[PDB]
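A.B. asks: To start, I am sharing the structure in question, which I have written as structure tokens.
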Amino acid sequence: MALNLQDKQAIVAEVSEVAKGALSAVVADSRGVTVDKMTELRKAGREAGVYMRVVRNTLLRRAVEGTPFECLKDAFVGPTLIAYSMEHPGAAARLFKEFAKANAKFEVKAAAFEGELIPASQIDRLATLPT
Amino acid sequence: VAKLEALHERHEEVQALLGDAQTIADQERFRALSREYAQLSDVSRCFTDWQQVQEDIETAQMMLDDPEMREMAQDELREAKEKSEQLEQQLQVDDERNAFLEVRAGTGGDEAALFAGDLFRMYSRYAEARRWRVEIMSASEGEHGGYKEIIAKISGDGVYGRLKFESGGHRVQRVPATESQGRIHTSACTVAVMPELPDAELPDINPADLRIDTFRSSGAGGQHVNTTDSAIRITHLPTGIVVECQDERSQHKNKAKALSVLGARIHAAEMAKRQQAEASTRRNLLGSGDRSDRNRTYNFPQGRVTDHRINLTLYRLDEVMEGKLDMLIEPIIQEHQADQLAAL
Amino acid sequence: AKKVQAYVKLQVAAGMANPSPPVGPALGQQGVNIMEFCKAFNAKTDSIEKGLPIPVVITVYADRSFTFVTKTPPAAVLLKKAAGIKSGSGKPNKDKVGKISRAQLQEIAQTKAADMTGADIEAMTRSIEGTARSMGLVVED
Amino acid sequence: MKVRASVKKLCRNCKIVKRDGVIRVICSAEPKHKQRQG
RNA sequence: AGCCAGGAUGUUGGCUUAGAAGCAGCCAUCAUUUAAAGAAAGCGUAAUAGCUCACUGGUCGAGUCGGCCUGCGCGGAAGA
């Protein structure tokens with residue numbers, strides 16, 4: 001990690017993820033273990049792929065600069081780190097619902113679960129996604 | 001082979017010792033316990049393999065006198081020899097350095113002397129059969145018998161590991177080449193084998209533990225001698241030796257003589273220590289050959305050469321005198337290695 | 001109700017018998033019955049094949065019930081035995097292993113995929129390839 | 001504490017203090033790194 | 001710089017298959033997951049277990065860090 005050559009390099013990869021993505025989920029594992037992601041990222045690679053690259057760079061001046069053009073409503077996501085869980089293959093897939101089940105087992109804090117964009121709304125839990 | 005029976009019950013005993021929760025507390029025991037297992041398990045496997053093969057033979061031995069079952073016998077007998085030959089090398093597995101070979105005439109006078117001549121020949125011939133080397137450094141003649149006393153220097157590999165079992169008096173019964181008559185006599189030749197240990201030397205002083213004192217020299221002179229610390233004393237803490245010196249006027253000329261004498265002291269005492277220890281070792285290794293402190297008998301009229309350490313006798317003496325004692329010394333080593341396992 | 005409070009990993013050379021000597025003190029770590037462990041152990045030797053030292057997952061509970069989860073055989077023994085080679089490495093300037101077909105590596109990787117996970121299956125083959133690199137094992141198609 | 005003429009850090013928990021002009025080394029990890037003078 | 005997590009999977013990786021499991025004289029500096037993690041910096045065990053640091057995320061939010069050239073100092077410094 002030298003400078004904006006590589007910092008924005010992550011931002012370039014980030015813009016590619018928004019290029020095909022529509023919907024997102026909230027998650028905050030501030031106690032997250034390897035074993036946690038050794039299944040949850042394995043489940044991603046089994047469900048529909050490794051497209052869900054868990055980005056915990058929720059800084060308002062970092063990740064938000066990555067996409068002020070698309071999904072503008074992500075402003076107040078800055079504090080209390082939330083990973084933009086994008087859904088590329090199949091808009092509105094069951095990716096939110098599977099971490100919702102993990103929300104019951106071990107996701108102590110769900111970073112204020114409210115349902116991300118494309119209802120273009122809030123708080124009401126989006127379980128009505130075409131599975 | 002009965003000694004190998006002790007071997008298998010020792011294997012059983014490993015099952016009891018190795019497996020106890022509190023035995024691991026003793027790093028001493030546990031390490032040494034594991035040392036045994038390394039030798040134990042391999043040679044136990046060796047012996048248990050032997051157990052099967054052996055019993056197989058006797059059941060199919062005198063069974064119905066059929067030569068077809070003898071072919072089954074033929075198979076396993078060839079296996080048994082080659083099998084135990086491998087088992088023998090495992091057991092024969094330290095000291096392999098060069099060694100001094102001392103053989104000196106005992107009781108029998110001139111015939112005693114003459115026989116050593118023939119005896120020295122067999123080891124030198126044995127060496128040539130293995131291409132080690134041989135070089136003598138001292139020799140005494142019995143005026144008509146070759147060697148009265150000869151100290152050889154055998155240079156090779158695994159020398160002491162083979163010639164270790166020659167320590168003792170050798171008794172020979174034969175018609176002596178000095179008898180006017182045609183009588184039969186008994187002569188003795190003592191054989192000694194000691195390992196060539198390195199004879200390194202110390203730095204001779206190592207000036208860090210040398211309590212050096214100085215004082216007003218005691219003796220004649222004048223005003224000078226009354227006020228001059230020209231006498232030195234060197235005290236060596238590891239040995240506790242004291243050397244006083246007051247010869248020259250200068251302390252340094254006097255310290256010169258002091259260091260010189262202390263040099264001699266420790267050097268010479270350490271050599272005398274080793275010298276006394278070697279003769280100690282030697283007299284408890286040679287044994288005053290007086291017809292009765294034997295280990296092997298070379299009987300010429302009957303052509304037999306027997307060994308009394310394992311009570312084994314052989315009726316093939318000519319090849320032994322022609323230096324082919326490899327055969328003989330192999331069973332001696334085998335028997336001692338059998339007792340080497342039951343030594344702990 | 002007692003999951004991660006007592007963990008130990010065992011299982012050594014599977015071609016042996018009752019684990020009293022080599023495993024004994026490790027079992028005494030919780031007061032576990034060595035024979036009860038042996039009932040799980042011997043049922044695991046006969047589970048696939050004997051002659052392959054494997055690492056097992058043992059988690060003894062308060063009520064003496066321990067969960068045994070065996071793993072895949074390590075590549076060290078597999079590449080050594082299945083390829084029939086005995087070279088190894090450690091002397092890179094003098095000693096190394098000859099070549100071994102990639103499908104051979106992949107067949108072993110097929111096995112370990114099923115056990116050892118990740119995201120990319122070809123990377124799993126690359127995992128035993130990494131093993132191959134340090135040990136001196138040369139991989140070729 | 002060891003009294004010497006040269007006092008270097010020994011670990012990642014060593015700390016250089018200058019009490020009364022005497023450079024003194026405290027270490028709250030292993031009480032053997034404690035030094036003085038120099 | 002503090003304060004919250006991870007710091008692992010193949011791998012007790014081939015010492016001379018009894019042993020140094022990121023840890024003595026043993027090799028090479030592999031491959032995944034990625035917001036991240038060295039087949040490694042120490043302690044402890046025959047070994048493990050156990051606890052840290054690199055590196056990496058949120059947090060509060062501004063200058064901080066290590067070298068180089070030199071002026072003047074401090075310790076190194078105890079006698080009748």
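To be explicit about the labels: the chains of the structure tokens are called A, B, and onward in the order shown, and within each one the residues are counted from 1, while ligands get numbers from 1 in the order they are shown.
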Show me which bits of chain B are within 6 Å of chain C, counting only C-alpha atoms, as a PDB file with C-alpha atoms, in the first residue's frame.
C.D. replies:
```pdb
ATOM      1  CA  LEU B  18       5.597 -46.526  28.252  1.00  0.00           C
ATOM      2  CA  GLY B  19       1.912 -45.561  28.690  1.00  0.00           C
ATOM      3  CA  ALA B  21       0.681 -40.774  32.896  1.00  0.00           C
TER       4      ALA B  21
END
```
A.B. asks: Using only C-alpha atoms (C1' of nucleotides), determine which residues of chain E fall within 12 Å of chain D; present them as number ranges by chain.
C.D. replies: E: 41-43, 52-54, 73-77
A.B. asks: Could you please take those selected residues and save C-alpha atoms (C1' of nucleotides) as a PDB file, in the first residue's frame?
C.D. replies:
```pdb
ATOM      1  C1'   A E  41       9.696 -12.050  17.035  1.00  0.00           C
ATOM      2  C1'   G E  42       9.492 -14.079  22.059  1.00  0.00           C
ATOM      3  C1'   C E  43       7.693 -16.917  26.480  1.00  0.00           C
ATOM      4  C1'   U E  52       1.366 -11.314  22.009  1.00  0.00           C
ATOM      5  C1'   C E  53       3.364  -8.636  17.807  1.00  0.00           C
ATOM      6  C1'   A E  54       3.661  -7.768  12.790  1.00  0.00           C
ATOM      7  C1'   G E  73      25.702  19.704  27.179  1.00  0.00           C
ATOM      8  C1'   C E  74      24.809  14.574  30.352  1.00  0.00           C
ATOM      9  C1'   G E  75      26.542   9.667  31.875  1.00  0.00           C
ATOM     10  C1'   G E  76      31.159   6.619  31.174  1.00  0.00           C
ATOM     11  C1'   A E  77      34.447   9.313  36.391  1.00  0.00           C
TER      12        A E  77
END
```
A.B. asks: For chain E, which residue among B:332, B:258, B:24, B:317 is the nearest when counting only C-alpha atoms (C1' of nucleotides)?
C.D. replies: B:24
A.B. asks: Please identify all polymer residues within 12 Å of stretch 92-94 of chain C, counting only C-alpha atoms (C1' of nucleotides), omitting same-chain residues fewer than 6 positions from it, and present them as a list in words.
C.D. replies: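 Neighbouring residues, sequence-local ones excluded: residues 133, 134, 135, 136 and 137 of chain C; 14, 27 and 28 of chain E.
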A.B. asks: Residues of chain E within 12 Å of chain B, counting only C-alpha atoms (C1' of nucleotides) - could you list those as a VMD selection string?
C.D. replies: chain E and resid 18 to 19 45 to 47
A.B. asks: Could you give me, as CSV, a per-residue list for chain E showing, wherever an atom lies at most 10 Å from an atom of chain A, the closest pair of atoms and their distance in Å to one decimal, using only C-alpha atoms (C1' of nucleotides) and sorting by chain then residue number from low to high?
C.D. replies:
```
residue,atom,partner,partner_atom,distance
E:4,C1',A:30,CA,7.3
E:5,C1',A:31,CA,4.6
E:6,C1',A:33,CA,5.8
E:7,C1',A:34,CA,9.4
E:8,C1',A:34,CA,6.0
E:9,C1',A:38,CA,8.7
E:33,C1',A:38,CA,7.0
E:34,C1',A:53,CA,7.7
E:35,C1',A:56,CA,4.6
E:57,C1',A:56,CA,5.8
E:58,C1',A:81,CA,5.5
E:59,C1',A:79,CA,8.5
```
A.B. asks: Kindly export the residues of the current selection with N, CA and C atoms (P, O5', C5', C4', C3', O3' and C1' of nucleotides), as a PDB file, in the first residue's frame.
C.D. replies:
```pdb
ATOM      1  P     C E   4      -9.634  -2.812  24.518  1.00  0.00           P
ATOM      2  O5'   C E   4     -10.942  -2.905  23.615  1.00  0.00           O
ATOM      3  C5'   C E   4     -11.242  -4.100  22.884  1.00  0.00           C
ATOM      4  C4'   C E   4     -12.331  -3.840  21.873  1.00  0.00           C
ATOM      5  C3'   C E   4     -12.502  -4.988  20.897  1.00  0.00           C
ATOM      6  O3'   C E   4     -13.309  -6.026  21.447  1.00  0.00           O
ATOM      7  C1'   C E   4     -12.295  -2.978  19.683  1.00  0.00           C
ATOM      8  P     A E   5     -12.741  -7.530  21.493  1.00  0.00           P
ATOM      9  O5'   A E   5     -12.770  -7.959  19.960  1.00  0.00           O
ATOM     10  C5'   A E   5     -11.973  -9.045  19.471  1.00  0.00           C
ATOM     11  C4'   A E   5     -12.284  -9.282  18.014  1.00  0.00           C
ATOM     12  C3'   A E   5     -11.307 -10.192  17.292  1.00  0.00           C
ATOM     13  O3'   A E   5     -11.630 -11.564  17.506  1.00  0.00           O
ATOM     14  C1'   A E   5     -11.608  -8.220  16.030  1.00  0.00           C
ATOM     15  P     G E   6     -10.463 -12.617  17.862  1.00  0.00           P
ATOM     16  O5'   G E   6      -9.889 -13.032  16.434  1.00  0.00           O
ATOM     17  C5'   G E   6     -10.771 -13.507  15.394  1.00  0.00           C
ATOM     18  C4'   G E   6     -10.159 -13.254  14.035  1.00  0.00           C
ATOM     19  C3'   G E   6      -8.748 -13.792  13.856  1.00  0.00           C
ATOM     20  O3'   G E   6      -8.741 -15.178  13.527  1.00  0.00           O
ATOM     21  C1'   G E   6      -8.828 -11.555  13.107  1.00  0.00           C
ATOM     22  P     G E   7      -7.726 -16.171  14.286  1.00  0.00           P
ATOM     23  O5'   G E   7      -6.285 -15.646  13.854  1.00  0.00           O
ATOM     24  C5'   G E   7      -5.831 -15.746  12.488  1.00  0.00           C
ATOM     25  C4'   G E   7      -4.508 -15.034  12.331  1.00  0.00           C
ATOM     26  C3'   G E   7      -3.446 -15.431  13.347  1.00  0.00           C
ATOM     27  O3'   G E   7      -2.731 -16.602  12.929  1.00  0.00           O
ATOM     28  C1'   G E   7      -3.597 -13.065  13.236  1.00  0.00           C
ATOM     29  P     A E   8      -2.275 -17.707  14.017  1.00  0.00           P
ATOM     30  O5'   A E   8      -3.536 -18.680  14.151  1.00  0.00           O
ATOM     31  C5'   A E   8      -3.639 -19.891  13.369  1.00  0.00           C
ATOM     32  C4'   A E   8      -4.980 -19.952  12.674  1.00  0.00           C
ATOM     33  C3'   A E   8      -5.138 -21.069  11.652  1.00  0.00           C
ATOM     34  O3'   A E   8      -5.546 -22.289  12.279  1.00  0.00           O
ATOM     35  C1'   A E   8      -5.855 -19.016  10.702  1.00  0.00           C
ATOM     36  P     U E   9      -5.138 -23.709  11.627  1.00  0.00           P
ATOM     37  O5'   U E   9      -5.761 -23.651  10.157  1.00  0.00           O
ATOM     38  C5'   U E   9      -7.167 -23.905   9.928  1.00  0.00           C
ATOM     39  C4'   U E   9      -7.388 -24.406   8.513  1.00  0.00           C
ATOM     40  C3'   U E   9      -6.433 -25.501   8.059  1.00  0.00           C
ATOM     41  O3'   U E   9      -6.865 -26.786   8.502  1.00  0.00           O
ATOM     42  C1'   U E   9      -6.555 -23.827   6.395  1.00  0.00           C
ATOM     43  P     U E  33      -9.332 -17.430  -3.130  1.00  0.00           P
ATOM     44  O5'   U E  33      -9.948 -17.073  -1.707  1.00  0.00           O
ATOM     45  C5'   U E  33     -10.909 -17.943  -1.077  1.00  0.00           C
ATOM     46  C4'   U E  33     -11.143 -17.510   0.352  1.00  0.00           C
ATOM     47  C3'   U E  33     -11.412 -16.021   0.515  1.00  0.00           C
ATOM     48  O3'   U E  33     -12.787 -15.724   0.274  1.00  0.00           O
ATOM     49  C1'   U E  33      -9.766 -16.702   2.074  1.00  0.00           C
ATOM     50  P     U E  34     -13.188 -14.434  -0.603  1.00  0.00           P
ATOM     51  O5'   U E  34     -12.911 -13.219   0.389  1.00  0.00           O
ATOM     52  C5'   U E  34     -12.457 -11.941  -0.095  1.00  0.00           C
ATOM     53  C4'   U E  34     -11.701 -11.217   0.995  1.00  0.00           C
ATOM     54  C3'   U E  34     -11.053  -9.897   0.614  1.00  0.00           C
ATOM     55  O3'   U E  34     -12.001  -8.825   0.614  1.00  0.00           O
ATOM     56  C1'   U E  34      -9.536 -11.184   1.901  1.00  0.00           C
ATOM     57  P     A E  35     -11.600  -7.390  -0.010  1.00  0.00           P
ATOM     58  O5'   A E  35     -11.174  -6.517   1.253  1.00  0.00           O
ATOM     59  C5'   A E  35     -12.158  -6.089   2.215  1.00  0.00           C
ATOM     60  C4'   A E  35     -11.495  -5.455   3.415  1.00  0.00           C
ATOM     61  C3'   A E  35     -10.098  -5.966   3.749  1.00  0.00           C
ATOM     62  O3'   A E  35      -9.100  -5.271   2.985  1.00  0.00           O
ATOM     63  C1'   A E  35     -11.417  -5.885   5.718  1.00  0.00           C
ATOM     64  P     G E  57      -6.969  -1.699   5.916  1.00  0.00           P
ATOM     65  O5'   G E  57      -8.501  -2.022   6.220  1.00  0.00           O
ATOM     66  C5'   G E  57      -9.345  -1.062   6.886  1.00  0.00           C
ATOM     67  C4'   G E  57     -10.598  -1.727   7.408  1.00  0.00           C
ATOM     68  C3'   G E  57     -11.297  -0.916   8.486  1.00  0.00           C
ATOM     69  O3'   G E  57     -12.198   0.034   7.914  1.00  0.00           O
ATOM     70  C1'   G E  57     -10.957  -3.131   9.255  1.00  0.00           C
ATOM     71  P     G E  58     -12.013   1.609   8.218  1.00  0.00           P
ATOM     72  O5'   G E  58     -13.015   1.891   9.426  1.00  0.00           O
ATOM     73  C5'   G E  58     -14.444   1.714   9.272  1.00  0.00           C
ATOM     74  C4'   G E  58     -15.098   1.544  10.627  1.00  0.00           C
ATOM     75  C3'   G E  58     -14.861   2.685  11.608  1.00  0.00           C
ATOM     76  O3'   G E  58     -15.832   3.723  11.452  1.00  0.00           O
ATOM     77  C1'   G E  58     -14.306   0.636  12.648  1.00  0.00           C
ATOM     78  P     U E  59     -15.389   5.270  11.575  1.00  0.00           P
ATOM     79  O5'   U E  59     -14.925   5.425  13.093  1.00  0.00           O
ATOM     80  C5'   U E  59     -15.877   5.354  14.177  1.00  0.00           C
ATOM     81  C4'   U E  59     -15.159   5.379  15.509  1.00  0.00           C
ATOM     82  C3'   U E  59     -14.224   6.563  15.719  1.00  0.00           C
ATOM     83  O3'   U E  59     -14.933   7.698  16.210  1.00  0.00           O
ATOM     84  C1'   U E  59     -13.115   4.558  16.312  1.00  0.00           C
TER      85        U E  59
END
```
A.B. asks: Taking only C-alpha atoms into account, which of C:103, C:123, C:138, C:1 comes nearest residue C:85?
C.D. replies: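 Using only C-alpha atoms, residue C:85 sits closest to C:138.
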A.B. asks: Report the closest atom pair, with its distance in Å rounded to one decimal, for each residue of chain A that has an atom no farther than 9 Å from chain C; count only C-alpha atoms, sort by chain and then rising residue number, and write it as a tab-separated table.
C.D. replies:
```
residue	atom	partner	partner_atom	distance
A:38	CA	C:118	CA	7.2
A:39	CA	C:118	CA	8.6
A:41	CA	C:119	CA	7.7
A:42	CA	C:119	CA	5.8
A:43	CA	C:119	CA	8.9
A:44	CA	C:119	CA	8.5
A:45	CA	C:119	CA	5.5
A:46	CA	C:119	CA	7.8
A:49	CA	C:119	CA	8.5
A:50	CA	C:119	CA	7.5
```
A.B. asks: Find the residues of chain C in contact range of chain E, meaning any atom within 9 Å when counting only C-alpha atoms (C1' of nucleotides), and list them as an NGL selection string.
C.D. replies: :C and (7-8 or 10 or 12 or 26 or 55 or 74-76 or 87-92 or 112 or 116-120 or 123-135)
A.B. asks: With N, CA and C atoms retained, export the selected residues as a CSV table (one decimal), in the first residue's frame.
C.D. replies:
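So the final result, stored in part.csv, reads:
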```csv
chain,number,residue,atom,x,y,z
C,7,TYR,N,-10.1,-29.1,23.9
C,7,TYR,CA,-9.8,-29.5,22.6
C,7,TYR,C,-8.3,-30.1,22.5
C,8,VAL,N,-8.2,-31.2,21.8
C,8,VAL,CA,-7.0,-31.9,21.6
C,8,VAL,C,-7.0,-32.5,20.2
C,10,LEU,N,-5.3,-35.5,17.8
C,10,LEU,CA,-4.5,-36.7,17.9
C,10,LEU,C,-4.4,-37.5,16.6
C,12,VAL,N,-2.3,-40.7,15.2
C,12,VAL,CA,-0.9,-40.8,14.7
C,12,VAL,C,-0.9,-41.9,13.6
C,26,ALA,N,-1.5,-37.7,26.5
C,26,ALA,CA,-2.3,-36.7,25.8
C,26,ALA,C,-3.8,-37.0,26.2
C,55,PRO,N,-4.5,-37.0,11.3
C,55,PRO,CA,-4.7,-36.1,12.4
C,55,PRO,C,-6.2,-36.0,12.5
C,74,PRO,N,-2.2,-36.6,4.9
C,74,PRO,CA,-1.3,-35.5,4.5
C,74,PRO,C,-0.5,-35.9,3.2
C,75,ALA,N,-0.2,-34.9,2.4
C,75,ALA,CA,0.5,-35.0,1.1
C,75,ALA,C,1.8,-35.6,1.3
C,76,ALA,N,2.5,-35.4,2.4
C,76,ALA,CA,3.8,-35.9,2.6
C,76,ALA,C,3.8,-37.4,2.5
C,87,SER,N,12.7,-39.7,-1.6
C,87,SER,CA,13.7,-38.7,-1.8
C,87,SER,C,13.7,-37.6,-0.8
C,88,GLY,N,12.6,-36.9,-0.8
C,88,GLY,CA,12.4,-35.8,0.1
C,88,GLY,C,13.4,-34.6,-0.3
C,89,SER,N,13.4,-33.6,0.6
C,89,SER,CA,14.3,-32.5,0.3
C,89,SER,C,15.0,-32.1,1.6
C,90,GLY,N,15.7,-30.9,1.6
C,90,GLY,CA,16.4,-30.4,2.8
C,90,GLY,C,17.8,-30.1,2.3
C,91,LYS,N,18.2,-30.7,1.2
C,91,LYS,CA,19.4,-30.5,0.6
C,91,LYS,C,19.1,-30.0,-0.8
C,92,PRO,N,18.6,-28.8,-1.0
C,92,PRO,CA,18.2,-28.3,-2.3
C,92,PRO,C,19.3,-28.2,-3.3
C,112,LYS,N,-8.8,-34.4,-1.1
C,112,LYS,CA,-8.7,-33.2,-0.1
C,112,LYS,C,-9.7,-32.1,-0.4
C,116,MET,N,-10.7,-30.7,2.8
C,116,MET,CA,-10.2,-29.3,2.9
C,116,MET,C,-10.9,-28.4,1.9
C,117,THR,N,-11.5,-27.3,2.5
C,117,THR,CA,-12.3,-26.4,1.7
C,117,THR,C,-11.6,-25.1,1.3
C,118,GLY,N,-12.4,-24.2,0.7
C,118,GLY,CA,-12.0,-22.9,0.2
C,118,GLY,C,-13.0,-22.4,-0.8
C,119,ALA,N,-12.6,-21.8,-1.9
C,119,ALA,CA,-13.4,-21.3,-2.9
C,119,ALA,C,-13.1,-21.8,-4.3
C,120,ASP,N,-11.8,-21.9,-4.6
C,120,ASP,CA,-11.4,-22.4,-5.9
C,120,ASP,C,-10.8,-23.8,-5.7
C,123,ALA,N,-7.2,-24.2,-7.0
C,123,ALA,CA,-6.3,-23.7,-6.1
C,123,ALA,C,-6.0,-24.7,-5.0
C,124,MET,N,-6.9,-25.6,-4.8
C,124,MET,CA,-6.7,-26.7,-3.9
C,124,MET,C,-5.6,-27.6,-4.4
C,125,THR,N,-5.7,-27.8,-5.8
C,125,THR,CA,-4.6,-28.6,-6.4
C,125,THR,C,-3.3,-27.8,-6.3
C,126,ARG,N,-3.4,-26.5,-6.3
C,126,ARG,CA,-2.3,-25.6,-6.2
C,126,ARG,C,-1.7,-25.7,-4.8
C,127,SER,N,-2.6,-26.1,-3.8
C,127,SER,CA,-2.2,-26.2,-2.4
C,127,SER,C,-1.3,-27.3,-2.3
C,128,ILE,N,-1.6,-28.5,-2.9
C,128,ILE,CA,-0.7,-29.6,-2.8
C,128,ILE,C,0.6,-29.4,-3.7
C,129,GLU,N,0.4,-28.4,-4.6
C,129,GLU,CA,1.5,-28.0,-5.5
C,129,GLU,C,2.5,-27.3,-4.6
C,130,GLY,N,2.0,-26.5,-3.7
C,130,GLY,CA,2.9,-25.7,-2.8
C,130,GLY,C,3.6,-26.7,-1.9
C,131,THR,N,2.9,-27.7,-1.4
C,131,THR,CA,3.5,-28.8,-0.6
C,131,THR,C,4.6,-29.3,-1.5
C,132,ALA,N,4.3,-29.7,-2.7
C,132,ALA,CA,5.2,-30.2,-3.7
C,132,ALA,C,6.5,-29.4,-3.9
C,133,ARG,N,6.3,-28.1,-4.0
C,133,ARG,CA,7.5,-27.2,-4.1
C,133,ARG,C,8.5,-27.3,-3.0
C,134,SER,N,8.1,-27.1,-1.8
C,134,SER,CA,9.1,-27.2,-0.7
C,134,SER,C,9.7,-28.6,-0.5
C,135,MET,N,8.9,-29.6,-0.6
C,135,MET,CA,9.4,-31.0,-0.4
C,135,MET,C,10.4,-31.5,-1.5
```
A.B. asks: What does the structure give for the distance between atom CA of residue B:50 and atom CA of residue B:1, in Å to one decimal?
C.D. replies: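 Calculated distance between atom CA of residue B:50 and atom CA of residue B:1 is 10.9 Å.
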A.B. asks: How many Å separate atom CA of residue B:212 from atom CA of residue B:273?
C.D. replies: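 Value for the atom CA of residue B:212-atom CA of residue B:273 distance: 25.6 Å.
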A.B. asks: Going by DSSP on the backbone, which bits of chain A are helix (DSSP H, G or I)? Write them as a ChimeraX atom specification, please.
C.D. replies: /A:4-20,34-47,63-66,72-77,95-105
